[PDB]
Ligand SMILES: CN1C(=O)c2ccccc2NC(=O)/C1=C/c1ccccc1
Ligand SMILES: CN1C(=O)c2ccccc2NC(=O)/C1=C/c1ccccc1
Ligand SMILES: [Br-]
Ligand SMILES: [Br-]
Ligand SMILES: [Br-]
Ligand SMILES: [Br-]
Ligand code: NI
Ligand code: NI
């Protein structure tokens, strides 16, 4: 059976329950084609200048991504569409509050544009977070997902051009002896569609077989505010931060965070006061 | 049997193994009396002006600490002794690298001075982190400690003035039906001595019974860089940050972090590069 397909607006309340059951769901029209176009246009040059993932120039090289792959993260200062439209997505926030209510506040662990070159091979079948957060491997098998990944198509996803593989139900697997490409189904998607998986869903980028098509995706890893993001917004100019909504500011770590603990004492606080109150951080100040 | 006592220098290699076994150890002369004096002098006025933990002025009130208790965190900008001597402690870093090698890099989840007033009651027997990090309750019972707490005496700890209670072995308890003050032993300490416990050690602040003595402690919660600190250093002036060692900068979250994953892709990175490389962050620049 195939990855369940849900409408971003009509089926909103069904999205997280579907992922909790099956470990995957396709959100049709997660982003409008307008947002997809502006995002592609804004990140285009940064993709072109990005060195290889394991460049000797980098002090945090990525030795896992294929050398032909390009990843651009810290999108807030690059993309108006990302920092305004994506970070304030009603669909994303409903899904995240549904997913993470047991833990408390959530934020962006990483928002990255990934461009896969022609003839890019399939990734090995994997769970995310194993190269950054060893702690998640020590969680009880029954523990609610501490992170989820929105794999948004910025170009068409086909079986030919290397659409994502997922094993439905694999987010509940403890025994991994039945892990095989034979057990996978494909995430066929138009630009603006999003494949939503958990940190436990076994999946992989597909093989590019046309030899001509460049595939591009926006991967948004949303995680509980108790987990450290893969990316930092510390160097993002304060003027850009002060142009955002308070919600967007929290997602970039430019605000204090709260746990779901009845008498929560909070995260990233300053002597009982928030970052935003302390620093007198303004919001929605146009550039 | 009593809390094991170890010399900060002669017994350095024994400190973490002792805590892993017994859930507690007293580090004799963790800080020199010189450092204790300078720390007390530098934080003195900030303790006096600090409102009640649950002050209506605060947007992150602490509803758990007794109203007479005073907690001052984000000590880097207050205290030269803290930011230079404590953050670069050879003993602290050996213990933390011993404790957290399985996870990777560690940093300060919170460094706070706590002053307990005369007639302060004993805290309820508890494990730390339950009002900030619900995630730790979902870790497997056998999981290595993801945070440890250095309870440094800034004044004498006596049975009379409310010295810490610990239950030895309680860090390995799953069944909590034998939890009682009857099962506790006391951390009797001179200023500069430190009681080291894990996030699973069952313990409590003791009752102040003299009715005259003010008790003061420096609580340093050290945790894996994968967990979000209780406190933020985002508002600490860049000049103060650039006066620190690179190690101290990492502990305050003003640097990228690494996991122990063989092909680690890192935490708080910027397109494959560190915070410190990206922002051209200087170190050991005297004010
Ligand atoms: C290494 N790696 C990434 O870089 C990555 C990239 C974008 C978003 C999340 C992310 N995290 C991962 O766990 C990851 C998995 C992965 C596994 C196998 C093959 C290629 C990737
Ligand atoms: C609430 N609370 C704190 O505020 C606190 C203070 C300093 C350092 C860590 C810390 N974290 C806690 O878990 C904590 C425990 C706690 C429990 C029972 C009674 C009083 C405290
Ligand atoms: Br790849
Ligand atoms: Br993919
Ligand atoms: Br208290
Ligand atoms: Br105490
Ligand atoms: Ni993946
Ligand atoms: Ni405690």
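Every number in this text was worked out from the coordinates using simple rules, so none of it is lab data. Neighbour counts run over all protein chains shown; Cβ positions are idealised from the backbone, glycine included.
General observations
- Label sites at residue B:177 and residue B:80, each approximated as a point 7 angstrom past Cα along Cα to Cβ, lie 5.8 nm apart.
- Theoretical FRET efficiency, 1/(1+(r/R0)^6), r = Cβ-Cβ of residue A:97 and residue A:2, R0 30 Å, to 0.05: 0.65
- Mean separation of Cα contacts under 8 Å, 6 or more apart, over the residue count of segment A:144-287: relative contact order %: 26
- The value obtained for chain B, namely the Cα convex hull volume divided by the number of residues, is 142 Å³ per residue.
- Once the mean of 1/r is taken over each pair of separate Cα atoms and inverted, segment A:136-223 shows a Kirkwood hydrodynamic radius of 14.0 Å.
- Within 10 Å of each Cβ in A:250-259, the average number of Cβ atoms from other chains: 3
- Order of B:57, B:221 - criterion: other Cβ atoms within 10 Å of each residue's Cβ, fewest first: B:57, B:221
- Working note: 222 nm ellipticity from helices only, DSSP H runs with n ≥ 4, each -39,500 (n - 2.57), summed and divided by the residues of chain B, gives -5000 deg cm²/dmol to the nearest 500.
- Cα-based shape type of the protein assembly as shown, given that a ≥ b ≥ c are square roots of the gyration tensor eigenvalues and the cut on a/c is 1.5: prolate
- Taking the number of Cβ atoms within 10 Å of each Cβ as an exposure proxy, the fewest-first ranking of B:35, B:64, B:49, B:135 is B:49, B:64, B:35, B:135.
- Under a Gaussian network description of chain A, with springs only between Cα atoms under 10 Å, the residue in A:266, A:169, A:211 that fluctuates furthest is A:211.
- Peptide B:58-68 is shielded by partner chain Cβ atoms: per residue, an average of 5 of them sit within 10 Å of its Cβ.
- When chain B is treated as a GNM with alpha-carbon contacts under 10 Å, the residue of B:109, B:154, B:12 showing the greatest mean-square fluctuation is B:12.
- Summary for residue B:284: label point 7 Å along Cα→Cβ; distances to the equivalent points in the other copies, ascending, 4.9 nm.
- Shape call, segment A:162-287: gyration tensor on alpha carbons, a/c limit 1.5: oblate
- Prolate/oblate/rounded label for segment B:28-152 (Cα gyration tensor, a/c 1.5): oblate
- Shortest-first nm distances, residue A:51 label point to equivalent points in other copies (7 Å, Cα→Cβ): 4.9
- Annotation for segment A:17-68 versus segment B:72-137: alpha-carbon center distance of 37 Å.
- Of A:252, A:139, A:31, the residue with the greatest mean-square motion in the GNM of chain A, using alpha carbon springs below 10 Å, is A:139.
- Counting only other chain Cβ atoms within 10 Å of each residue's Cβ, the peptide A:229-239 averages 5.
- Sequence of A:265, B:9 once ranked by neighbouring C-beta atoms within 10 Å, starting from the fewest: B:9, A:265
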